[PDB]
Amino acid sequence: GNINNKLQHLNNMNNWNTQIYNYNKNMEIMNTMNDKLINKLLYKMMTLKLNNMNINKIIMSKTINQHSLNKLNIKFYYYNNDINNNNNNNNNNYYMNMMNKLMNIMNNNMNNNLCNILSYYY
Amino acid sequence: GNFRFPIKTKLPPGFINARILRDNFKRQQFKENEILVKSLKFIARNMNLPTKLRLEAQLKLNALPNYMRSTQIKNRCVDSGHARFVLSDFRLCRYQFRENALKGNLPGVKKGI
Amino acid sequence: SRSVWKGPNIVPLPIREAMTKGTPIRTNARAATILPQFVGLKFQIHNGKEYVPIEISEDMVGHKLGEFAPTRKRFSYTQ
Amino acid sequence: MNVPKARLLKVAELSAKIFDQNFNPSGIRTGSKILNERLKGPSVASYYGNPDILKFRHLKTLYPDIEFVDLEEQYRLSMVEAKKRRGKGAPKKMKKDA
RNA sequence: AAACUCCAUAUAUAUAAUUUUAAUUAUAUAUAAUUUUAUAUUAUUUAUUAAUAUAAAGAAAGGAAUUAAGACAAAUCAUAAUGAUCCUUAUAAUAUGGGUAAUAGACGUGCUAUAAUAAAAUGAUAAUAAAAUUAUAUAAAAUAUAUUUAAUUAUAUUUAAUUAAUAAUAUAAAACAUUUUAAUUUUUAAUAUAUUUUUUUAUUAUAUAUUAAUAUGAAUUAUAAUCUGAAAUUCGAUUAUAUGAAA
RNA sequence: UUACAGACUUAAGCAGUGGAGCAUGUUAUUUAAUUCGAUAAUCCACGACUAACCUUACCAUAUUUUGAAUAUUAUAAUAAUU
Ligand SMILES: [K+]
Ligand SMILES: [K+]
Ligand SMILES: [K+]
Ligand SMILES: [Mg+2]
Ligand SMILES: [Mg+2]
Ligand SMILES: [Mg+2]
Ligand SMILES: [Mg+2]
Ligand SMILES: [Mg+2]
Ligand SMILES: [Mg+2]
Ligand SMILES: [Mg+2]
Ligand SMILES: [Mg+2]
Ligand SMILES: [Mg+2]
Ligand SMILES: [Mg+2]
Ligand SMILES: [Mg+2]
Ligand SMILES: [Mg+2]
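In order, the protein sequences belong to chains V, S, B and L. Numbering follows this note's numbering, in which position 17 of the first sequence is assigned residue number 17; successive positions increment by one, without gaps. All you need for this note's numbering is the position in the second sequence, starting with 1, plus 122. All you need for this note's numbering is the position in the third sequence, starting with 1, plus 235. All you need for this note's numbering is the position in the fourth sequence, starting with 1, plus 314.
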């Protein structure tokens with residue numbers, strides 16, 4: 001009942017940050033090592049600066065690396081306090097803040113999205 | 123400008139220390155010269171060949187640099203560099219294995235019965 | 236004990252100069268096998284700190300240079 | 315056991331020929347084992363991971379629009395300036411030319 | 001915190017075209033106990049009760065994990081990380097060889113042994129396991145040598161199958177049966193003898209030494225060969241012949 | 001400082017330790033170095049789930065000097081942009 005329903009228990013697969021099984025144990029060790037390194041790299045991409053006195057620090061959780069047979073999904077939770085334009089206006093609808101620029105290079109950027117670089121690493 | 127090893131090598135992507143660099147260099151050069159060492163070992167151990175050719179191969183084998191020796195590769199912890207009690211299933215020392223295991227970093231590792 | 240079928244542990248050494256000039260052969264190759272040619276030649280064998288001078292006889296063939304250059308000092312207690 | 319050895323040797327030789335196997339009736343050490351062992355170089359040389367990983371220094375050219383800050387590097391540079399102000403800086407390194 | 005729990009155990013359902021076979025199994029789910037019931041006795045705070053026994057029902061008998069606080073300013077700066085302080089042609093870096101294996105005494109922890117409620121051989125339609133391992137491999141059978149009919153053990157040659165509920169490491173071992181076993185004249189042998197015959201009895205010979213070390217024990221050492229490795233000298237492992245200490 | 005309770009202990013039982021040889025750790029001493037800890041309970045097959053080289057942290061000799069990092073500023077070789 002509790003463990004037989006997806007809404008009443010946490011799948012044990014979620015207890016691990018790298019969710020993978022490879023018959024080739026060496027490739028599994030490599031994927032595990034790659035997930036720690038990318039997690040460290042992403043932690044270094046969360047601190048952004050617009051001007052000397054405007055440094056926006058995005059707080060990122062550890063990554064959840066879902067390794068399926070055909071793809072790898074890197075899921076993470078992030079918190080950002082928008083302190084530059086926290087108004088009641090719609091001025092944010094006419095420019096991309098630094099956090100939107102950072103999130104748009106993950107998948108949207110057509111030339112240098114981080115997914116394509118990682119797709120060759122993995 | 124002055125690389126410490128005779129041949130230029132790329133750096134490991136993670137934790138780095140002098141001992142890791144020395145071990146990694148030996149690993150790369152072992153791969154480049156593995157076939158050469160096997161071919162010389164064959165000539166030196168093939169009793170069908172004349173003794174002179176066998177002794178020539180043995181002499182060439184003794185003159186190879188130490189960084190081409192398979193027996194000098196030592197498994198080290200990829201996170202700390204410690205070379206004692208390194209588990210080959212994760213390439214981590216016992217202490218780093220325990221820390222990673224409890225953090226959920228090892229794919230299927232949980233606490234025993 | 237190296238297998239006899241493998242042959243001697245031959246190391247690069249300057250034997251020609253020591254046979255045409257008589258100069259001593261300074262070497263750190265303590266594993267080297269004393270070949271029958273070496274007989275009569277003079278060797279200076281490293282022991283970790285110094286080079287021990289030793290001349291090779293016919294009863295030394297087959298042994299290894301390291302066997303004739305002790306690396307430790309005899310033990311003594313402060314009785 | 316009663317089968318003559320000559321007959322059993324003829325079967326061994328022909329069988330080895332069909333199956334592309336090395337027939338060494340005498341038993342001389344040939345080194346064939348060395349020629350058959352697998353190459354472990356690729357596995358050994360990947361122990362520490364793939365070296366071609368994206369690094370923080372490559373981010374300033376991949377994404378010119380975004381300005382990233384390396385807090386670890388920044389912390390180190392601040393500790394260097396602090397030691398210079400206390401007079402505990404590092405001695406100038408001697409030049410080989412000297 | 002206890003517990004709830006998970007594990008084990010018992011049972012049910014599902015899955016397997018029962019040749020990946022162990023269906024006597026595998027692993028998902030669920031159930032079960034913190035056992036229950038009556039009866040007599042003995043105490044009680046005697047009541048809607050405990051301690052016992054007794055009959056009845058049941059497979060039911062065992063474990064786990066984690067922490068609440070505080071102390072030893074107990075261990076670790078040598079798993080990695082931080083401050084301060086020191087080195088910066090050196091206290092950083094690389095190579096060759098050596099050392100970490102030295103040896104008077106002392107201490108901790110182990111192994112083997114000092115023989116008969118106990119050691120050694122042999123046991124092929126192959127007595128009887130579990131849990132693990134094998135792509136930086138596990139290595140079958142066979143053949144050759146040690147080596148003898150063969151087996152056994154060791155190595156070489158060759159490299160079958162299996163990257164695995166499939167094949168391999170790997171015919172578990174003790175057990176049990178038979179034989180043998182110094183000290184031991186408790187033996188062995190030669191004759192004769194028997195209704196104990198794998199044996200009894202008789203008469204001869206079978207040692208002397210001996211509080212002691214044997215056919216116990218396997219340290220030490222000589223020589224030859226082998227295995228891994230590029231390399232076995234300081235300083236590795238194995239085998240054969242010989243050596244055979246202490247106890 | 002009192003009383004009670006609790007274990008702690010003791011007893012019983014089996015096999016050992018303490019004696020011999022060897023393995024191993026430590027001490028001490030030695031050594032060019034015999035790397036360094038840990039070192040009553042709570043060290044002593046402990047760190048160490050394997051020290052011939054490597055490992056390695058020690059010693060001798062020889063050798064390297066912006067070194068494995070980041071950034072700055074020059075110089076070039078190369079590809080794009082313009
Ligand atoms: K050594
Ligand atoms: K016995
Ligand atoms: K040796
Ligand atoms: Mg090794
Ligand atoms: Mg069946
Ligand atoms: Mg030691
Ligand atoms: Mg015995
Ligand atoms: Mg059987
Ligand atoms: Mg076989
Ligand atoms: Mg049997
Ligand atoms: Mg037996
Ligand atoms: Mg005996
Ligand atoms: Mg005695
Ligand atoms: Mg060295
Ligand atoms: Mg060493």
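Note that the Cβ used here is the ideal one computed from N, Cα and C, for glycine as well.
query: Among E178(S), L158(S), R198(S) and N155(S), nearest to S210(S) - alpha-carbon criterion; result: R198(S)
query: Neighbour-count burial assignment, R371(L), 16 or more Cβ in a 10 Å radius; result: exposed
query: Inter-residue Cα distance where the pair is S360(L) and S292(B); result: 50 Å
query: Among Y286(B), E302(B) and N244(B), the one whose alpha carbon lies nearest that of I260(B); result: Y286(B)
query: Under 8 Å by beta carbon: chain S residues contacting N17(V); result: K225, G226 and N227
query: Coarse secondary structure for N2(V), derived from DSSP in three states; result: coil
query: For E290(B), the three-state DSSP class (helix, strand or coil); result: strand
query: Cα-Cα separation, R220(S) to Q272(B); result: 59 Å
query: Against chain L: residues of the stretch 4-31 of chain V by CB proximity under 8 Å; result: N26 and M30
query: Limits of the alpha helix (DSSP H) - the one that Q194(S) falls within; result: From DSSP, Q194(S) is part of no alpha helix (DSSP H); its letter is neither H nor E.
query: Cross-strand partners of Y362(L) (DSSP beta bridge); result: In DSSP, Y362(L) forms no bridge with anything.
query: Contact test: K196(S) Cβ vs ligand 4 heavy atom, cutoff 7 Å; result: yes
query: Beta-carbon proximity of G297(B) to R265(B), cut-off 8 Å; result: no
query: Sequence-distant residues of the same chain with beta carbon closer than 8 Å to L270(B), five excluded per side; result: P243, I245 and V296
query: Simplified DSSP state of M30(V), which is helix, strand or coil; result: helix
query: Below-8 Å beta-carbon distance, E351(L) vs any chain V residue; result: no
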